[PDB]
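Notes to accompany the following structure.
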Amino acid sequence: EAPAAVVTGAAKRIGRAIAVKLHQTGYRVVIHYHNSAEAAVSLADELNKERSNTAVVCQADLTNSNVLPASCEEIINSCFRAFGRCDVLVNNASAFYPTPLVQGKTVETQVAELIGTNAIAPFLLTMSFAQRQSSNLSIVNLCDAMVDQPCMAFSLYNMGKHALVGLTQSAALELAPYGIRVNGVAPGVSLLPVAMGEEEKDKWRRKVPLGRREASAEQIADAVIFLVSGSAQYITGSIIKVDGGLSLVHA
Amino acid sequence: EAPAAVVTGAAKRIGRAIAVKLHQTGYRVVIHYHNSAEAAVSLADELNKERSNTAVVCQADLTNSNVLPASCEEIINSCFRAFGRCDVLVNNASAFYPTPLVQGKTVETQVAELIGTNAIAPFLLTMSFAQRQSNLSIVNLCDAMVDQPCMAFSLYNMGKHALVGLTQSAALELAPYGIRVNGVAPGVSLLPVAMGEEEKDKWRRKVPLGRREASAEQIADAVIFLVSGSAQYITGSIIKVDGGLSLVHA
Amino acid sequence: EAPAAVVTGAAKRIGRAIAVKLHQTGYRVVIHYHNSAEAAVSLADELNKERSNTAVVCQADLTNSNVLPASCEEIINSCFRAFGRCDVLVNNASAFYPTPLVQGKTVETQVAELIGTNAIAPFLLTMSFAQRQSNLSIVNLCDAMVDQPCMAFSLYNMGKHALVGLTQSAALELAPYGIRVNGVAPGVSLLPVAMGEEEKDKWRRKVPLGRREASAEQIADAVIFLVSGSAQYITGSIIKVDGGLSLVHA
Amino acid sequence: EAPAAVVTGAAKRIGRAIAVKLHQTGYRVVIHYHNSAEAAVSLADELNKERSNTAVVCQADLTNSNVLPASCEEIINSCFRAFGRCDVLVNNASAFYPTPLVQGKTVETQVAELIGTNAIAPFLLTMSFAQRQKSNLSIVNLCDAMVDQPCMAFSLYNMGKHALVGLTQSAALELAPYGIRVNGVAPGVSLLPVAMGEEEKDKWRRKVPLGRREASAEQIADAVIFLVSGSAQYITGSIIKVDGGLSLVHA
Ligand SMILES: NC(=O)c1ccc[n+]([C@@H]2O[C@H](COP(=O)([O-])OP(=O)(O)OC[C@H]3O[C@@H](n4cnc5c(N)ncnc54)[C@H](OP(=O)(O)O)[C@@H]3O)[C@@H](O)[C@H]2O)c1
Ligand SMILES: NC(=O)c1ccc[n+]([C@@H]2O[C@H](COP(=O)([O-])OP(=O)(O)OC[C@H]3O[C@@H](n4cnc5c(N)ncnc54)[C@H](OP(=O)(O)O)[C@@H]3O)[C@@H](O)[C@H]2O)c1
Ligand SMILES: NC(=O)c1ccc[n+]([C@@H]2O[C@H](COP(=O)([O-])OP(=O)(O)OC[C@H]3O[C@@H](n4cnc5c(N)ncnc54)[C@H](OP(=O)(O)O)[C@@H]3O)[C@@H](O)[C@H]2O)c1
Ligand SMILES: NC(=O)c1ccc[n+]([C@@H]2O[C@H](COP(=O)([O-])OP(=O)(O)OC[C@H]3O[C@@H](n4cnc5c(N)ncnc54)[C@H](OP(=O)(O)O)[C@@H]3O)[C@@H](O)[C@H]2O)c1
Ligand SMILES: Nc1nc2[nH]c(-c3ccccc3)c(CCc3ccccc3)c2c(=O)[nH]1
Ligand SMILES: Nc1nc2[nH]c(-c3ccccc3)c(CCc3ccccc3)c2c(=O)[nH]1
Ligand SMILES: Nc1nc2[nH]c(-c3ccccc3)c(CCc3ccccc3)c2c(=O)[nH]1
Ligand SMILES: Nc1nc2[nH]c(-c3ccccc3)c(CCc3ccccc3)c2c(=O)[nH]1
């Protein structure tokens, strides 16, 4: 039988490209989404046209709350339900906006979204994934290459990403005896936010030493595919920058 | 007029040592505490016997909740109420216990406490400190072993990682205000009251420099360095006080 | 036409596995070696029996000296002489042995060998490589345990640390020329011939993932990924291949 | 009676400021120097005017060669000849200039100067220091906050400073049983070349979060003083950035 993978925030952009490649590689996928129902479904439609009954969707808010644990257990159950197994978890879903330290959402809501999506939900999905277990089990967390050169006023986001590094390493250590590997892919700039101004996107583009451009989503997905593959079987607790050298560049 | 410091979890152990040392250097101090009220007031008494009207206590749960932001603001407000200023904030309070990934409290509670004390409360207290504004600085009690995590401590460890993020993020954003943010990262220091001597000795034996844990004073010494005029250009630095522990391989 | 790679210290162990895999992937290979002459020609025989005119050997001492820059230029010149091009450089050769800080090679020789092989030759090889210039990249064999040094291996460790800086500096400088520079950082892979069986086991039992060292093939897999088209945006990255070993506190 | 320190490259700029403050703290000093005899001597004169017979000067090229280990043994020995003891070693001397990868010093000379001064001499000085011990003994190495965001075309310099981090950690571990601590100070930008145009100096100053300026040599010296003091007695293997947050600033 073919392995199955969960990819969070998989309706669009990097998470979409990750789902697609895992699928092209032979996985069945659970495409998780929060708000993008329509996009999640048309992706599943497209993958199930290629290969019948190989893609399902799964809706969940990953904001931290009293139900998040249940929600995350249900994401992992959906995969077990659809496909009878869960081999791979990609923690890609992420909320992202500025939370300036010095003066909309209340601060406690910002904590819940930024820390819940970037770190608490990953921890709870990891728990549920491991609890439910020639197989090749792994987890890939979508990290941040620039996490030690944080953006101005993005302190909660940055806290969540740093937490996610902690989880990556802690979970690699603790789940090694189960044969579950835990790694990370850390983009620098890849697809820039649809919202982001065009001059603002070019500013970032021009700082990238390898080609003065952003990574494609597919280039990010390549690292993921490597990490879940049989050729990464001794690798756990490793976070691979896919940043074109951006992190190396001084102010 | 004397500067003022807030030290969280200051009723005993390392936080008491940081407040004692801050007091000896001439700070007025707020001794924040959660459950250890007797130890808190007993300390504020010793300190006020030494110079009167220079220590107050302040009780607060720093578990994450929707009122944690108010609570952290009230902590900063307590320092201005007592002393008319707030120059230093030391984030020392921390919950710690195992949270195994494969299986007491609910997990929602473990999240709230481990992440809230180690990370969210430090962020809120930082916002509050900065919003209320010399030599202004913040010092976070980090973990020298943060990149070699203890088995089954993932939520604690996530919290100490996030506290690194904050140290770095806040140092960048608060620089324009002349507010420095740095950290102090013990290895093993005072071991927990729960721990038996045999398990303490197991950790002691791992330390290259002397095969013993840091004294609480030794941690406080580095905090005192970082708040001083001698570290005026230092911000975003996290100083290990670990006697070489983090350098030792498995 | 087929791309070509130079692999240093490729006659045995990890470097051999890398040469083999690069060769299986479609590459022509320069097999560099120092002393291991028989195993080197033996490997090119195998390779060339599989695909004629796709491997050549190239002998060089990579100890630091005033002629190293010439020896390194010759290694790259040899790749061009044999194959008309040089797409990939792998810096794998390395000397390793204790150099205690406190009391039959002289210390000037220990410096030249350990820093030579592990750092200066890589630098010189990278200069010569870039000077002669498609998916062009370089891979350095680094050490996952580098921030957790082995006792009395300061010179070796210094070499590996330097190789980190080289990886990163060269990534930065060569990016405009389309040349990527990355690392693979084993923990414990095939353990030395001369290592006792008790001390091998001792390292094996430390590894979380599977309680065993990596196979050379496992290391090579990560090299293969980094030179491949699935890594076209990766530069300046160092990928640990250590089964979690570096995550384990003392 | 009074403890003794060796400071390499102590005739000007940072090393001088370090030697002055150690002296002000009550150390006797060996002022090592390469070409700057006149500043070295003039400092030793200023210092011996404060306290008779508490400063000596000691010339040596710290370029890697066959003689470098003797020279480094000689620098240590001279502190013992002058003061009867050697309590503190500061590795401050450093060559610094571009060594581009692609196109009158030859490259073997560049290697010898940049690697010798920034790494190899520090190592040899450490072993001579330790050999002679076998009281608060420690070693402070002058590192670089920016070592992971290197300046373009300084690979040999950068490689030396990276090697110097490894030595700081390696020596800390190996010499801990002798009660010798080994730590670093890692400036970001400090005293800038007086020759450099102010306009160019300002581009660097403007990047520094804290104060938009470079560190004084005295500010670097303060961290060195902390690290050799009785208030750092459990500290070893640590590298204190003194950088005004410069290393936290993305491109
Ligand atoms: N783009 C980059 O340059 C970049 C750089 C560094 C790191 N990364 C990391 O790489 C990953 C992918 O980046 P990206 O730009 O593709 O992500 P993105 O478009 O910002 O977000 C991806 C998905 O996250 C989901 N999400 C947001 N809040 C959520 C919530 N509360 N609950 C559940 N899902 C939620 C959204 O799903 P719905 O649309 O279904 O609501 C969204 O489509 C992220 O983890 C990001 O931090 C990206
Ligand atoms: N000790 C070590 O070896 C070690 C090692 C690495 C890092 N560190 C760090 O150094 C710092 C000091 O360590 P320590 O051993 O002195 O700490 P500790 O004794 O475990 O805790 C310090 C205080 O934190 C407070 N705290 C706990 N839960 C709280 C909550 N929900 N709300 C508010 N406050 C709460 C407690 O207050 P009450 O007593 O008033 O209830 C406690 O006295 C910590 O941040 C620690 O993580 C210590
Ligand atoms: N094995 C591990 O557990 C491990 C762990 C961490 C990092 N690594 C790194 O992985 C790489 C490969 O490791 P390995 O165990 O396969 O290496 P190894 O067998 O110890 O050394 C590889 C080759 O380097 C060459 N070499 C040694 N001194 C030389 C000199 N002066 N000039 C030129 N070549 C010289 C030798 O060539 P001849 O036989 O031709 O003389 C040797 O065969 C090395 O960079 C190593 O540092 C290995
Ligand atoms: N300045 C900064 O912004 C900065 C930034 C990062 C790190 N650092 C580090 O901080 C330390 C002090 O910096 P600095 O700017 O004060 O250094 P500097 O002025 O560039 O150099 C200090 C001294 O090093 C000595 N030196 C150079 N080559 C030598 C050789 N071959 N043999 C023996 N001695 C030699 C020189 O002695 P003579 O004058 O006697 O010839 C020179 O005065 C250095 O280690 C540096 O890398 C500085
Ligand atoms: N979920 C999510 N996470 C993101 N992280 C980043 C990022 C973070 C730090 C530096 C650069 C890019 C980005 C790219 C956009 C960006 C650009 C500049 C600063 C912060 C973020 C991103 C995103 O679009 N979605
Ligand atoms: N709030 C608080 N935090 C602590 N962190 C540590 C610690 C953590 C990781 C490695 C070494 C010591 C300690 C020392 C005890 C300890 C040891 C191992 C895991 C968790 C805690 C500690 C503590 O007593 N209180
Ligand atoms: N050229 C080369 N480099 C090596 N590095 C290591 C290594 C280094 C640090 C920790 C563990 C293994 C090893 C594994 C054997 C070893 C173990 C401990 C110290 C130095 C070497 C190794 C090797 O066999 N050849
Ligand atoms: N021996 C020695 N080592 C040095 N390292 C640095 C440095 C290196 C990397 C980033 C910033 C400054 C410097 C200062 C280099 C510099 C000079 C002018 C503007 C910005 C940086 C330095 C030096 O002057 N002497």
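By order of appearance in the structure tokens: chains A, B, ..., then residues from 1 within every chain, and ligands from 1 in the order shown.
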
Please return, as a short mmCIF file (atom, residue, chain, number, x, y, z; two decimals) with N, CA, C and O atoms, in the first residue's frame, all residues of chain B lying within 8 Å of chain D when only C-alpha atoms are considered.
```cif
data_model
loop_
_atom_site.label_atom_id
_atom_site.label_comp_id
_atom_site.auth_asym_id
_atom_site.auth_seq_id
_atom_site.Cartn_x
_atom_site.Cartn_y
_atom_site.Cartn_z
N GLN B 168 16.11 38.24 21.55
CA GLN B 168 16.62 38.77 20.32
C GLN B 168 15.70 39.81 19.69
O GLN B 168 16.16 40.90 19.36
N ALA B 171 15.48 43.00 21.88
CA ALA B 171 16.70 43.74 21.87
C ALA B 171 16.71 44.66 20.60
O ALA B 171 17.01 45.84 20.68
N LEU B 172 16.29 44.12 19.48
CA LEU B 172 16.25 44.87 18.26
C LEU B 172 15.25 45.99 18.33
O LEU B 172 15.56 47.10 17.98
N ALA B 175 15.98 48.77 21.38
CA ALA B 175 17.21 49.54 21.21
C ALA B 175 16.99 51.03 21.00
O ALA B 175 17.64 51.83 21.67
N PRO B 176 16.10 51.41 20.08
CA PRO B 176 15.85 52.86 19.92
C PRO B 176 15.46 53.60 21.20
O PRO B 176 15.73 54.80 21.31
N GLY B 178 16.77 52.84 24.16
CA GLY B 178 17.86 52.76 25.09
C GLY B 178 17.57 51.63 26.04
O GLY B 178 18.18 51.56 27.11
N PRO B 208 32.28 20.19 33.66
CA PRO B 208 33.76 20.29 33.61
C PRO B 208 34.39 21.18 34.68
O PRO B 208 35.36 20.79 35.28
N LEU B 209 33.87 22.39 34.85
CA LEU B 209 34.47 23.32 35.81
C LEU B 209 34.06 23.03 37.24
O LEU B 209 33.13 23.62 37.77
N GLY B 210 34.78 22.13 37.87
CA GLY B 210 34.54 21.83 39.24
C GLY B 210 33.60 20.71 39.56
O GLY B 210 33.44 20.42 40.71
N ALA B 214 26.32 25.72 39.43
CA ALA B 214 26.39 27.14 39.82
C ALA B 214 25.66 27.39 41.17
O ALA B 214 24.60 26.80 41.44
N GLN B 218 26.30 32.98 41.73
CA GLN B 218 27.08 32.98 40.49
C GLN B 218 26.21 33.37 39.27
O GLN B 218 26.66 34.06 38.41
N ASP B 221 25.43 37.10 39.69
CA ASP B 221 26.57 37.93 39.30
C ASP B 221 26.51 38.33 37.82
O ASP B 221 26.94 39.39 37.46
N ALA B 222 26.08 37.42 36.96
CA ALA B 222 26.04 37.72 35.55
C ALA B 222 24.85 38.64 35.18
O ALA B 222 24.97 39.52 34.32
N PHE B 225 26.13 42.00 36.18
CA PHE B 225 26.93 42.49 35.09
C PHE B 225 26.08 43.11 34.02
O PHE B 225 26.34 44.24 33.61
N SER B 230 28.88 48.70 33.01
CA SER B 230 29.91 47.95 32.33
C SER B 230 29.40 47.18 31.09
O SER B 230 30.23 46.72 30.32
N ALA B 231 28.07 46.99 30.91
CA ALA B 231 27.49 46.26 29.77
C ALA B 231 26.60 47.17 28.91
O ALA B 231 25.71 46.74 28.22
N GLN B 232 26.89 48.45 28.95
CA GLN B 232 26.18 49.50 28.23
C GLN B 232 26.01 49.36 26.75
O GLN B 232 25.18 50.05 26.16
N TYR B 233 26.88 48.58 26.10
CA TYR B 233 26.78 48.39 24.66
C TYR B 233 26.27 46.99 24.31
O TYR B 233 26.17 46.63 23.14
N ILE B 234 25.96 46.20 25.35
CA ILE B 234 25.54 44.84 25.21
C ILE B 234 24.01 44.73 25.20
O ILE B 234 23.29 45.23 26.07
N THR B 235 23.52 44.10 24.15
CA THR B 235 22.12 43.86 23.94
C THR B 235 21.96 42.74 22.94
O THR B 235 22.68 42.69 21.96
N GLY B 236 21.01 41.87 23.21
CA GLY B 236 20.80 40.63 22.47
C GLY B 236 21.78 39.50 22.76
O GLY B 236 21.77 38.48 22.07
N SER B 237 22.62 39.67 23.77
CA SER B 237 23.59 38.64 24.10
C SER B 237 23.02 37.81 25.18
O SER B 237 22.43 38.34 26.10
N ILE B 238 23.27 36.52 25.09
CA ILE B 238 22.88 35.57 26.09
C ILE B 238 24.16 34.93 26.61
O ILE B 238 24.83 34.20 25.88
N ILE B 239 24.47 35.19 27.87
CA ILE B 239 25.63 34.69 28.53
C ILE B 239 25.37 33.35 29.25
O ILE B 239 24.66 33.30 30.30
N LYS B 240 26.00 32.26 28.78
CA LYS B 240 25.97 31.03 29.54
C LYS B 240 26.77 31.22 30.83
O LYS B 240 27.90 31.75 30.81
N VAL B 241 26.18 30.72 31.92
CA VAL B 241 26.85 30.49 33.19
C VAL B 241 26.68 29.03 33.53
O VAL B 241 25.90 28.67 34.44
N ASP B 242 27.43 28.20 32.81
CA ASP B 242 27.22 26.77 32.82
C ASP B 242 28.44 25.90 33.12
O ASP B 242 28.32 24.68 33.10
N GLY B 243 29.57 26.53 33.48
CA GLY B 243 30.84 25.86 33.71
C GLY B 243 31.25 24.86 32.64
O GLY B 243 31.86 23.84 32.93
N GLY B 244 30.92 25.14 31.38
CA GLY B 244 31.28 24.19 30.31
C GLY B 244 30.32 23.04 30.02
O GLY B 244 30.51 22.37 29.03
N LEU B 247 29.05 22.28 26.53
CA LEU B 247 30.10 21.85 25.60
C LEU B 247 30.37 20.37 25.64
O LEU B 247 31.10 19.88 24.78
N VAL B 248 29.80 19.66 26.60
CA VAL B 248 30.11 18.23 26.79
C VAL B 248 29.19 17.34 25.93
O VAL B 248 27.96 17.40 26.04
#
```

Contacts of chain A with chain C up to 6 Å, shortest pair per row, only C-alpha atoms, as CSV:
```
residue,atom,partner,partner_atom,distance
A:176,CA,C:209,CA,4.8
A:209,CA,C:175,CA,5.5
A:210,CA,C:175,CA,4.8
A:222,CA,C:230,CA,5.3
A:231,CA,C:221,CA,5.7
A:234,CA,C:243,CA,5.0
A:235,CA,C:241,CA,5.0
A:236,CA,C:244,CA,5.5
A:237,CA,C:244,CA,5.8
A:238,CA,C:240,CA,5.7
A:241,CA,C:237,CA,5.7
A:242,CA,C:234,CA,4.8
A:244,CA,C:233,CA,4.9
A:245,CA,C:235,CA,5.4
```

Just need the residues of chain A within 10 Å of chain D, counting only C-alpha atoms, so spit them out as a short mmCIF file (atom, residue, chain, number, x, y, z; two decimals) with N, CA, C and O atoms, in the first residue's frame.
```
data_model
loop_
_atom_site.label_atom_id
_atom_site.label_comp_id
_atom_site.auth_asym_id
_atom_site.auth_seq_id
_atom_site.Cartn_x
_atom_site.Cartn_y
_atom_site.Cartn_z
N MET A 146 15.79 33.01 8.88
CA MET A 146 16.13 34.32 9.44
C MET A 146 15.71 34.50 10.89
O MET A 146 15.57 35.63 11.36
N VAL A 147 15.49 33.40 11.58
CA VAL A 147 14.88 33.42 12.86
C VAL A 147 15.78 34.07 13.93
O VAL A 147 15.29 34.45 14.99
N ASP A 148 17.09 34.15 13.67
CA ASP A 148 18.03 34.78 14.63
C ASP A 148 18.39 36.17 14.15
O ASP A 148 19.21 36.83 14.74
N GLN A 149 17.74 36.62 13.09
CA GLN A 149 17.83 37.98 12.60
C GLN A 149 16.41 38.42 12.32
O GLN A 149 16.02 38.77 11.19
N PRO A 150 15.62 38.48 13.38
CA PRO A 150 14.18 38.61 13.32
C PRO A 150 13.74 39.95 12.71
O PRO A 150 14.47 40.94 12.82
N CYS A 151 12.57 39.98 12.07
CA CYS A 151 12.00 41.23 11.57
C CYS A 151 11.47 42.09 12.72
O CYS A 151 11.03 41.61 13.78
N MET A 152 11.62 43.37 12.50
CA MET A 152 11.23 44.40 13.42
C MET A 152 9.77 44.24 13.82
O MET A 152 8.92 44.21 12.97
N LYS A 203 12.65 44.81 -2.80
CA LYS A 203 13.63 45.08 -1.75
C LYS A 203 14.22 43.80 -1.19
O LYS A 203 15.44 43.68 -1.07
N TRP A 204 13.35 42.86 -0.81
CA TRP A 204 13.81 41.59 -0.26
C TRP A 204 14.53 40.71 -1.30
O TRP A 204 15.58 40.10 -1.00
N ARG A 206 16.32 41.61 -3.74
CA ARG A 206 17.64 42.09 -4.11
C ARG A 206 18.72 41.77 -3.04
O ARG A 206 19.90 41.92 -3.31
N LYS A 207 18.31 41.26 -1.88
CA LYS A 207 19.24 40.94 -0.82
C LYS A 207 19.76 39.52 -0.92
O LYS A 207 20.72 39.17 -0.23
N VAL A 208 19.05 38.71 -1.72
CA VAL A 208 19.34 37.30 -1.89
C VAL A 208 20.56 37.08 -2.77
O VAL A 208 20.52 37.34 -3.97
N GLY A 245 21.30 31.84 0.58
CA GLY A 245 22.35 32.55 1.28
C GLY A 245 21.88 33.76 2.06
O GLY A 245 22.70 34.40 2.65
N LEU A 246 20.58 34.10 2.02
CA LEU A 246 20.03 35.36 2.65
C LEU A 246 20.44 35.51 4.09
O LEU A 246 20.89 36.56 4.48
N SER A 247 20.33 34.43 4.87
CA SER A 247 20.79 34.45 6.27
C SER A 247 22.25 34.81 6.54
O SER A 247 22.62 35.22 7.65
N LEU A 248 23.09 34.63 5.53
CA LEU A 248 24.52 34.91 5.62
C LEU A 248 24.87 36.38 5.46
O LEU A 248 26.02 36.78 5.72
N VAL A 249 23.88 37.19 5.08
CA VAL A 249 24.17 38.51 4.58
C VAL A 249 24.04 39.48 5.78
O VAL A 249 22.98 39.57 6.39
N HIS A 250 25.10 40.23 6.08
CA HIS A 250 25.08 41.19 7.17
C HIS A 250 24.23 42.43 6.85
O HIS A 250 24.00 42.73 5.69
N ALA A 251 23.81 43.16 7.88
CA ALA A 251 23.10 44.44 7.72
C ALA A 251 23.79 45.42 6.75
O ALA A 251 23.11 46.24 6.15
#
```

* Asked: Of the residues C:124, C:188, C:19, C:115, which is the one nearest to chain B, using only C-alpha atoms?
  ->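 Selected residue with least distance to chain B: C:188.
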
* To do: Determine which residues of stretch 149-198 of chain B receive a DSSP assignment of strand (DSSP E or B), computed from the backbone, and state them as JSON, numbers by chain.
  => {"B": [180, 181, 182, 183, 184, 185, 186]}

Take the residues that were just selected and, keeping N, CA and C atoms, output them as a PDB file, in the first residue's frame.
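What ended up in out15.pdb:
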```
ATOM      1  N   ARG B 180      18.051  47.832  26.808  1.00  0.00           N
ATOM      2  CA  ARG B 180      18.818  46.646  26.467  1.00  0.00           C
ATOM      3  C   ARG B 180      18.096  45.393  26.955  1.00  0.00           C
ATOM      4  N   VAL B 181      18.195  44.326  26.159  1.00  0.00           N
ATOM      5  CA  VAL B 181      17.622  43.051  26.456  1.00  0.00           C
ATOM      6  C   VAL B 181      18.645  41.968  26.244  1.00  0.00           C
ATOM      7  N   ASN B 182      18.941  41.217  27.288  1.00  0.00           N
ATOM      8  CA  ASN B 182      19.997  40.257  27.248  1.00  0.00           C
ATOM      9  C   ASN B 182      19.485  39.072  28.012  1.00  0.00           C
ATOM     10  N   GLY B 183      20.226  37.976  27.994  1.00  0.00           N
ATOM     11  CA  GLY B 183      19.816  36.814  28.795  1.00  0.00           C
ATOM     12  C   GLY B 183      20.960  36.226  29.581  1.00  0.00           C
ATOM     13  N   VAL B 184      20.612  35.439  30.592  1.00  0.00           N
ATOM     14  CA  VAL B 184      21.589  34.667  31.383  1.00  0.00           C
ATOM     15  C   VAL B 184      21.111  33.229  31.365  1.00  0.00           C
ATOM     16  N   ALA B 185      22.013  32.327  30.935  1.00  0.00           N
ATOM     17  CA  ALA B 185      21.666  30.959  30.658  1.00  0.00           C
ATOM     18  C   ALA B 185      22.486  30.072  31.569  1.00  0.00           C
ATOM     19  N   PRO B 186      21.916  29.742  32.714  1.00  0.00           N
ATOM     20  CA  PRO B 186      22.511  28.668  33.517  1.00  0.00           C
ATOM     21  C   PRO B 186      22.557  27.311  32.831  1.00  0.00           C
TER      22      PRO B 186
END
```

* Contacts with ligand 2 at most 6 Å, only C-alpha atoms and all ligand atoms counted, listed as JSON, numbers by chain -> {"B": [9, 11, 12, 13, 14, 15, 33, 34, 35, 36, 60, 61, 62, 63, 92, 93, 94, 95, 113, 117, 141, 142, 143, 186, 187, 188, 189, 190, 191]}

* Counting only C-alpha atoms, which residues from chain C have an atom at most 7 Å from any atom of chain B, and could you show them as a PyMOL selection string? -> chain C and resi 147-149+206+247-250

* To do: Using backbone DSSP assignments, extract all alpha helix (DSSP H) residues from stretch 16-127 of chain A; output them as number ranges by chain.
  => A: 16-24, 37-50, 68-83, 107-115, 121-127

* Contacts of ligand 5, 6 Å or closer, only C-alpha atoms and all ligand atoms, given as a PyMOL selection string -> chain A and resi 94-96+146+151+188-189+192-193

* Could you state the separation of atom 13 (O, counted along the ligand's line) of ligand 1 and atom CA of residue B:165 in Å, given to one decimal place? ->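 Going from atom 13 (O, counted along the ligand's line) of ligand 1 over to atom CA of residue B:165 covers 18.9 Å.
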
* **Between atom CA of residue D:124 and atom CA of residue C:111, distance in Å (one decimal)** =>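 Between these atoms lies a distance of 9.8 Å.
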
* Please check which protein, DNA or RNA residues sit within 6 Å of ligand 1, counting only C-alpha atoms and all ligand atoms, and write them as a PyMOL selection string. => chain A and resi 9+11-15+33-36+60-63+92-95+113+117+142-144+187-192

Name all residues at most 9 Å from residue D:157 (count only C-alpha atoms; drop same-chain ones fewer than 5 positions away) and give them as a PDB file with N, CA and C atoms, in the first residue's frame.
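Final output, saved to part-v1.pdb:
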```pdb
ATOM      1  N   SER D  94      45.512  40.446  15.726  1.00  0.00           N
ATOM      2  CA  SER D  94      44.785  39.978  14.590  1.00  0.00           C
ATOM      3  C   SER D  94      45.136  40.741  13.326  1.00  0.00           C
ATOM      4  N   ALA D  95      45.419  39.996  12.265  1.00  0.00           N
ATOM      5  CA  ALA D  95      45.521  40.554  10.917  1.00  0.00           C
ATOM      6  C   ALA D  95      44.136  40.453  10.285  1.00  0.00           C
ATOM      7  N   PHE D  96      43.823  41.407   9.439  1.00  0.00           N
ATOM      8  CA  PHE D  96      42.501  41.601   8.898  1.00  0.00           C
ATOM      9  C   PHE D  96      42.644  42.303   7.579  1.00  0.00           C
ATOM     10  N   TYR D  97      42.292  41.630   6.480  1.00  0.00           N
ATOM     11  CA  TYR D  97      42.251  42.223   5.130  1.00  0.00           C
ATOM     12  C   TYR D  97      41.575  41.239   4.202  1.00  0.00           C
ATOM     13  N   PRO D  98      41.026  41.731   3.088  1.00  0.00           N
ATOM     14  CA  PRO D  98      40.319  40.856   2.163  1.00  0.00           C
ATOM     15  C   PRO D  98      41.218  39.783   1.540  1.00  0.00           C
ATOM     16  N   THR D  99      40.677  38.597   1.294  1.00  0.00           N
ATOM     17  CA  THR D  99      41.380  37.561   0.530  1.00  0.00           C
ATOM     18  C   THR D  99      40.375  36.975  -0.445  1.00  0.00           C
ATOM     19  N   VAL D 111      47.377  33.147   4.230  1.00  0.00           N
ATOM     20  CA  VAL D 111      47.020  32.024   5.089  1.00  0.00           C
ATOM     21  C   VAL D 111      47.772  32.096   6.418  1.00  0.00           C
ATOM     22  N   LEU D 114      46.685  35.602   8.430  1.00  0.00           N
ATOM     23  CA  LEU D 114      45.286  35.618   8.896  1.00  0.00           C
ATOM     24  C   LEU D 114      44.929  34.414   9.787  1.00  0.00           C
ATOM     25  N   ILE D 115      45.411  33.227   9.429  1.00  0.00           N
ATOM     26  CA  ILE D 115      45.153  32.058  10.238  1.00  0.00           C
ATOM     27  C   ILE D 115      46.081  31.999  11.428  1.00  0.00           C
ATOM     28  N   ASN D 118      44.885  34.986  14.011  1.00  0.00           N
ATOM     29  CA  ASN D 118      43.530  34.832  14.556  1.00  0.00           C
ATOM     30  C   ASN D 118      43.269  33.486  15.177  1.00  0.00           C
ATOM     31  N   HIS D 162      36.387  31.730  13.104  1.00  0.00           N
ATOM     32  CA  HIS D 162      35.616  30.549  13.350  1.00  0.00           C
ATOM     33  C   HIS D 162      36.462  29.549  14.069  1.00  0.00           C
TER      34      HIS D 162
END
```

* Asked: Mind pulling up the distance from atom CA of residue D:138 to atom CA of residue D:2?
  ->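 Those two atoms sit 15.2 Å apart.
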